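S.K.: the data below comprise the sequence and an experimental structure of the protein.
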Amino acid sequence: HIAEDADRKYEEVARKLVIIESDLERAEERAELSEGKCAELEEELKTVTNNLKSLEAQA
Amino acid sequence: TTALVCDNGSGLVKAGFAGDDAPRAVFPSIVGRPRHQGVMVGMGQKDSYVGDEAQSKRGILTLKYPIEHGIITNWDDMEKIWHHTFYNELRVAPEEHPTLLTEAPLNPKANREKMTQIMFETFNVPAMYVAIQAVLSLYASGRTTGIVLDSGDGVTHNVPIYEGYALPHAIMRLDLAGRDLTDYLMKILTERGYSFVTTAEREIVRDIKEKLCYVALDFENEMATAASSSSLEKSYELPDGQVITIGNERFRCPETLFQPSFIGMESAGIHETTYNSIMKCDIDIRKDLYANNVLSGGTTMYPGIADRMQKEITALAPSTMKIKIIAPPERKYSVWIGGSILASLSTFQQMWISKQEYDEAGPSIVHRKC
Amino acid sequence: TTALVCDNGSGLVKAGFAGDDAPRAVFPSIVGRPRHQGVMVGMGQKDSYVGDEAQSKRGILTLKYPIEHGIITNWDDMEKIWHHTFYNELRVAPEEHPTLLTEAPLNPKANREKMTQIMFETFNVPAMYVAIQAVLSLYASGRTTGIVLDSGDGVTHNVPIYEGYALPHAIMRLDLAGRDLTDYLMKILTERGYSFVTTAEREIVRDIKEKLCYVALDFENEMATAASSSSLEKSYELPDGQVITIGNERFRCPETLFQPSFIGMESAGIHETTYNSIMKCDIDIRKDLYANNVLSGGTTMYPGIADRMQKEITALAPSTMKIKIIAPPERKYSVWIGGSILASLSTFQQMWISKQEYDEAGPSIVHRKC
Amino acid sequence: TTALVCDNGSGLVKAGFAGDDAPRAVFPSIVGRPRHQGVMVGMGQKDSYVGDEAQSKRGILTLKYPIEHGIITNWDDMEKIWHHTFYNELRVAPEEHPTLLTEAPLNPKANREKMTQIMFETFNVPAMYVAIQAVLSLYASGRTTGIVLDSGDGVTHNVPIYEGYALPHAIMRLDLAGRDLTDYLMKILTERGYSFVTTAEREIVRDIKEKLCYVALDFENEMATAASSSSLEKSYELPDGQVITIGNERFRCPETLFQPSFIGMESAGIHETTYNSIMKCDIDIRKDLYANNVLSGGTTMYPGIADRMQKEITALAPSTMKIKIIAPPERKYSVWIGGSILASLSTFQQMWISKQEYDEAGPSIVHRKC
Ligand SMILES: Nc1ncnc2c1ncn2[C@@H]1O[C@H](COP(=O)(O)OP(=O)(O)O)[C@@H](O)[C@H]1O
Ligand SMILES: Nc1ncnc2c1ncn2[C@@H]1O[C@H](COP(=O)(O)OP(=O)(O)O)[C@@H](O)[C@H]1O
Ligand SMILES: Nc1ncnc2c1ncn2[C@@H]1O[C@H](COP(=O)(O)OP(=O)(O)O)[C@@H](O)[C@H]1O
């Protein structure tokens, strides 16, 4: 009785584990893409700051 | 000087000396009186038999319990039972031993006042004290934190305790116990043809309950299984021959603990009152209460009650907590064991109610301070 | 001989030795007392628990802060907390160490007088000194010029400094801090169904605040976004299971720092009081004040607070100045770090208030010279 | 066209027409379901009984309140109760009447959203509105300034008003009310021998509370007096004969409002939360708040509660203010009376939430605008 109890319970544990794992790797993809996005924003900001200081010296 | 521990209970007296591993005297809390005539001159018939002497002359006596639902409802019979316990079972003199009595929570004050008055006046104990059965059960379990479910013969109660602090607003007391299950079994056995109506027959049915009944992990499919095959049927032999065979009654009798609607009560099962008592406690201690459900008393001795209890509470509690039902193999004497441990402590010897304090304050000393 | 630094604060004690890089002991400034009964005889009941021992037993205790708004309002509890800090956490003898206490600006004189009297009498410190939190924060930031916004658990204050000169007429002290945000969050969570009323539940809500709350760069469109989608919802798990999920509360809680009308206060947000304290200074130093806003304290630790602060001050200041919000990653311990630096300076060893000066001058010596 | 006023409450439904002096229908907010078998073929057994029909048949029913602490926790039962209120008690058609519902302050938003959605969809009211109980109580008291203390069956709350302006940051809500006093009395009566466990027995105990309980002016010497003599003992007769007599329980039950630690709560008494709500208000209006404490609701109907309240607040407030507890003799229906007054005003007929506004904005309009 207790054996089949724990067995079904922990097979469902492996179920939520597969789900939480899928969400984990999806969040890893999210993390890497967000690093790339903030890196693109970093080059955006470096470029715009160079432009700002150059053109402000001009002004 | 050693002290006495006298866990009374509504179905079984368990007495002994503080410091032992187990009670020295365990006998039914019962007083029998003869019904029939008595014809043999010179037989020397007694007026009333107590304890297990009334259990062997069972056939000619009418048996009465002086404790109904944790409450002493016949004080002369209770005096007889205490006199027996002291002089014939323990064979001591109560004038030379402090006595530790025990009581369920949430029952009238006159009960404790009369206990104290009886002890001090008609037994001349040097001191006494009235503990709570659940606290002693926790002492015996060897922990200071947990929600103990005590279920004896008259009353079922939960007491949540944390770090040695009781939560008296979350104590929940229920009034179905071993005796109501015995009565429900006496009533449920009539649908197979067996008819027990006498008090002696009630004792027979109690023995049937203690020997053949168990708790089903899943009640519905267990019912269907018993309906399909006949592998659950066992046989019992009454004390005159006449074997009887019972089927689904085996697990329908203790199922009442989880569906008290079988006996027309409105309460919830023991699993649900345990969960409610937990959810009535402060949110920071209930995770440690969830993992220290201590079981105690005789009515918690059915095979499979811990598994069903854990299944039910697990189904109720959040899916992250670790539900642990602690069911020792000797939980029928946990109250007495804990009482002996308590009465043996050195730091307890100032908690007694001395005779002089009683002489000063009256019987009201008991709950007013101790 | 080394000296002690004892940044008290109204939510956390941070103590250590002058010369270290970080406080050696960091525990809640709290004192708990049992509210429930206590049944297990011999459990060794303590009268009161302090520090983070009272934090683990908080299920059965009633917690109290002896400091309300930077002011010590319970001197017995504060003496308990200091005794703990010296003997159990740091494990030293206060008779062998000068002590550097810390205080917020613009709070009653009796506070410092009682501080120094307590030290010199019931601890027999060889010498002591009471600094200002913002000055020490500036020491730790490695500057001599800037307007420092300190925001702890009880009080928020700005202190503008220039070349090491304070402008005491421009000091502005505000009385909403971490604790008022915790209370506002306790009140805002009720509109989702969650009810926290106990002091222990106040600690739970404080942890929710420290884990899930952030400052929105633009409050209105953030509000509309949270109303549109549900991507802002995080989930928290209380210490009994019972996952809760919060939505726009995450940024509605710390937004009170910028709109103190949410808790029914009449003041202006921290950005506006910073700008006002700047504009109360001489027109020559405020260009250097605009570029040295030094954030400090625990309440300045929300994600996105530096950017919102910069946006707001930029919108207020002239369109030519360079607003720079300096927010170190360790800014929660800047006061203690600066206090250790200060107490380690060799030129400081003449600024102590020696025991003999106190014996000559009474407790009034503290503010009268030092 | 006339409008409906439907003060719901957690223990009693009070309905009627806007413009009357008293509610037309007052019945318990309770739904009963049969508990037992049912053997008489053709009796025409109903599925469920509501209102006070479920109260006279309560011997065979299990009663359930669909509102626990001001929150509606069973929406089918609440729909049954509203259907009953409209069709059998008032005997109207909800399609022809605006409806003014009422709600306690500081409770979840889904409550009001579901209220308005239920009304507009399953009753097709032309318009509706959800007021706050304390504001209506102040309307009925004939005032525009005062701190009203409402105390019904589920929740006790203070709302301070000045000149018609609410101070939403000083609103204090507490969750002990009539029902928790009923439960505490059910628990305290067991120490005399009486055992009430059923829901019908809970109704019996509620009536005992409404008939025999009062608030002691000085709790300690009242306790000593009840201990000394026996003149405080009254007698009550259950609905089967079998009289019971209660002593100090009479004033120990409502005393819980002033010491909520009796039921294991950590909050302060109603006097202290009233004083705190006042001291949370601007220093200029609190002199006028001290003199306009308006008592409302059923739980404020104990004899001697106004005197005890005034004594306590006078002991707390400065010795120059004039504390005036305003306790009307009809204060149990103040919320409904004020609701009728409000729904009768000409300048109110633009504050309704028309069906068209709901059709445009969804159920979320109820708090977004009104
Ligand atoms: N092995 C068992 N299985 C099931 N029930 C039992 C068993 N032993 C005792 N009981 C029940 O326990 C009751 C006595 O338990 P006990 O703990 O002694 O009660 P009390 O403490 O009130 O005397 C009896 O009514 C009996 O029905
Ligand atoms: N990571 C965090 N995010 C948001 N708030 C925080 C964080 N850490 C601490 N706090 C807040 O800061 C307060 C403690 O800050 P601290 O600087 O120690 O105050 P004090 O100096 O008065 O002790 C707490 O009330 C808490 O609400
Ligand atoms: N005369 C009375 N004395 C004391 N308590 C009363 C009295 N009448 C009613 N109550 C209490 O008031 C409660 C009902 O009050 P009411 O204001 O109708 O509640 P609600 O506003 O939630 O409907 C009941 O629980 C009852 O215990």
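M.R.: Happy to help now that I have it. Numbers count the residues shown, from 1 in each chain, chains lettered A, B, ... in the order given. Ligands and ions are numbered 1, 2, ... in the order given.

S.K.: what's the neighbour count on residue 15?
M.R.: Assuming you mean chain A. Residues within reach of residue A:15, counting by other C-beta atoms under 10 Å in any protein chain shown, total 10. For the C-beta atoms, the positions are set from N, CA and C on the backbone; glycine is no exception.

S.K.: meant chain B, my bad for not saying
M.R.: The number of residues packed near residue B:15 is 23, by other C-beta under 10 Å.

S.K.: swap in residue B:98?
M.R.: Neighbours of residue B:98 (other C-beta under 10 Å): 23.

S.K.: now do the one 3 residues further on
M.R.: Other residues within reach of residue B:101, judged by other C-beta under 10 Å, total 22.

S.K.: next, it: secondary structure please.
M.R.: strand (DSSP: H, G, I helix; E, B strand; the rest coil).

S.K.: quick one, what contacts it?
M.R.: By C-beta atoms under 8 Å, 6 or more residues apart in numbering or on different chains, the residues touching residue B:101 are B:6-8, B:115, B:119, B:128-131.

S.K.: swap the cut-off to 7 Å and go again
M.R.: B:6, B:8, B:115, B:128, B:130 (C-beta atoms under 7 Å, 6 or more residues apart in numbering or on different chains).

S.K.: excluding its backbone neighbours, what's nearest the third one?
M.R.: With C-beta to C-beta, 6 or more residues apart in numbering or on different chains as the criterion, residue B:115 has its nearest non-adjacent residue at 5.8 Å, and that residue is residue B:101.

S.K.: quick check: bridge partners of the one you found?
M.R.: When bridges are called by DSSP bridges, residue B:101 pairs up with residue B:130.

S.K.: residue A:43 and chain D, how far apart?
M.R.: Separation of residue A:43 from chain D (C-beta to the nearest C-beta, to the nearest Å): 42 Å.

S.K.: again with residue B:229
M.R.: 30 Å.

S.K.: how many residues are close by that residue?
M.R.: Using other C-beta under 10 Å as the criterion, the residues surrounding residue B:229 number 8.

S.K.: what's the farthest-apart pair in the contacts of residue B:101?
M.R.: Largest separation among the contacts of residue B:101 by C-beta to C-beta: B:8 and B:128, giving 12.8 Å.

S.K.: phi and psi next, for the closest residue in space to residue B:257 that isn't next to it in sequence.
M.R.: Distances taken as C-beta to C-beta, 6+ apart place residue B:270 nearest to residue B:257, at 5.2 Å, with adjacent residues excluded. Main-chain torsions, residue B:270, degrees, to the nearest 10: phi -70, psi -30.

S.K.: right, and ligand 1 sits closest to which residue of the stretch 1-150 of chain B?
M.R.: Closest approach between the stretch 1-150 of chain B and ligand 1, counting by C-beta to the nearest ligand atom: residue B:9, at 2.6 Å.

S.K.: again with the stretch 251-370 of chain B
M.R.: residue B:298 (2.3 Å).

S.K.: how near is the residue nearest in space to the middle of chain A to residue A:53?
M.R.: Taking C-alpha atoms, centre = their mean, the centroid of chain A lies closest to residue A:31, which sits 2.1 Å from it. Distance check for residue A:31 against residue A:53: by C-beta to C-beta, to the nearest Å, it reads 32 Å.

S.K.: the residue of chain A at minimum distance from ligand 3: neighbour count?
M.R.: Chain A approaches ligand 3 most closely through residue A:16 (42.0 Å), counting by C-beta to the nearest ligand atom. Here the number of neighbours of residue A:16 (other C-beta under 10 Å) works out to 10.

S.K.: thanks a lot, catch you later.
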